[PDB]
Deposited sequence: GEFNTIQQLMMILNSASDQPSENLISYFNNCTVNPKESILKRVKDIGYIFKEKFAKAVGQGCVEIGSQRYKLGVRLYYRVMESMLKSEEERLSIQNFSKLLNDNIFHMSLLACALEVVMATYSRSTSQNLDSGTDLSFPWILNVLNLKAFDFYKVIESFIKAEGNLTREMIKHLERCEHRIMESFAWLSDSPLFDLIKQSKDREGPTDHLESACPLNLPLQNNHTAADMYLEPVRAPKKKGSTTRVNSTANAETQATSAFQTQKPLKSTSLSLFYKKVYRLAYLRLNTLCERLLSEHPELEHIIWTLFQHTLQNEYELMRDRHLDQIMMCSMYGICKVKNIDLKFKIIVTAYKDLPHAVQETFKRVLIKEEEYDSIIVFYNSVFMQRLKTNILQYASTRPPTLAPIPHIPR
C-alpha cells in the first residue's frame, strides 16, 4: 500500500534532483526522455482501449507508471553515478532500450497491482523479453517499497522470460549466442556479460526443477540426476536451437527420459509428466503442446522421438559408453 499511496501523491515530472542528474550528462537526455514518455503515452492508451474495449482508467494506469518510472530512475541513478564514467552515465541516459525497459517494468507493477498482465506490456512497447529481463533485478533493488507479492510477480516474470520468452524466434539472445552486472552495465553493452549472467541464472533455475523431479522419481537410482543434468546443461549450452520457440521444462523432461532409456531403466514419459504437474507453476500445455517443425505441435513423446533424439542421438549414447562424458558443474 505504501508505494501506491506515494504514486497517487507523486509528481508527474522528474524531480530537480533527477534533473540535476540529467544536467551532469554530456548529452542532456531530458528532452528525449520527456518526448519518449509523451509518445509512449499515446500508444499505451490506444492499445489499452483496443484491449479492454469501450468504457480514463487507461490514462491513469500510464500516469501512475510514469510516476513510478521517475521514482525508480532517480533511485537507480544514485548508485550508477558512483559506478560509471561521465561518458557512460551520459550514454545510459540516452539509451532508448534502457528507458523503455525501465518504463515497461514500472507499468507492469501498476498493471499487476490494479489487476493484460505480462507479457502484454512487451508487445505494447514492441520490447524484446531479453531486453526487458535486463532491468528486473536492478529495478527491484532500486524500489524498496515494493511488496513481497510484487517482487514475487517480477521474479515470476523474470523466470518466464528465462524459461520461454527469451528463446522465441528473433530474440536478441540467439544473436549473442551466435557471437560467443547491474541493469546499467547490461544496457551499456554494444552490438558478453548479459549472456553470461543470463545463462548462469537459467542453469540455476533449470537444475532446481530437475532436482525436484529427480528426487521424487529416481531415488532408487540416485546416480542418474547428475548424469541427466550434464545432458541438460550440455544441450542448453551446445544445442540451443532446440530451445527456440520452446520451453525449458520440455528439454528437462526429455533429458530425463533420454538418459533412463539408454541406461535400460523403466521410466515412462507418463510417470515423468505426472510428477511435473506438482511443480509450483507447471501447466499441462507444456507437455501436451510441444513444437515439432514448421509450426506443427504435438505431445512431448513425439518431440522426443522426432526432434530431440534425432539431434542428440550420438550425444546420449555416450552416457552408456565406457568413456561417458565428464559430469557438468552444479550451479
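Deposited residues without C-alpha coordinates, grouped into stretches that follow sequence order: The deposited sequence has unmodelled segments at 1-6, 62-63, 124-135, 201-223, 235-267, 408-411.
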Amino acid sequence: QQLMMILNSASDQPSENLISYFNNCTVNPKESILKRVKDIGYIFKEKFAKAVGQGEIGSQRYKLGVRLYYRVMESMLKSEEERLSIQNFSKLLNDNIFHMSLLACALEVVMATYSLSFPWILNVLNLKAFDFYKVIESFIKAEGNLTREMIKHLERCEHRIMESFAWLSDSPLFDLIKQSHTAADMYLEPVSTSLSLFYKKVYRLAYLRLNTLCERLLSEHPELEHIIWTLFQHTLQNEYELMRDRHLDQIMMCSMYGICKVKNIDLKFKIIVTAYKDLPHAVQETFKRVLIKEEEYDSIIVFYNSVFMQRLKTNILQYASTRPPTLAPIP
From here on, numbers count along this sequence of modelled residues.
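Selected stretch [higher average CA B-factor]: 57-65 or 295-303: Comparing averages over the C-alpha atoms only gives 295-303.
Which of 204-212 and 128-136 has higher mean CA B factor, as the PDB entry lists it: According to the PDB entry, the answer is 204-212.
Among modelled residues of the same chain, the CA temperature factor third for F98: It falls in the bottom third of the chain.
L218 CA temperature factor, ranked by third within the chain: For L218, whose C-alpha B-factor we compare with every modelled residue in the chain, the answer is the highest third.
Chain thirds of CA B-factor: placement of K50: Its C-alpha B-factor belongs to the highest third of this chain's values.
Lowest, middle or highest third - CA B-factor, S115: Answer is highest: the recorded C-alpha B-factor places it there.
Chain third (lowest, middle, highest) by recorded CA B-factor, residue given as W167: For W167, the deposited C-alpha B-factor lands in the lowest third.
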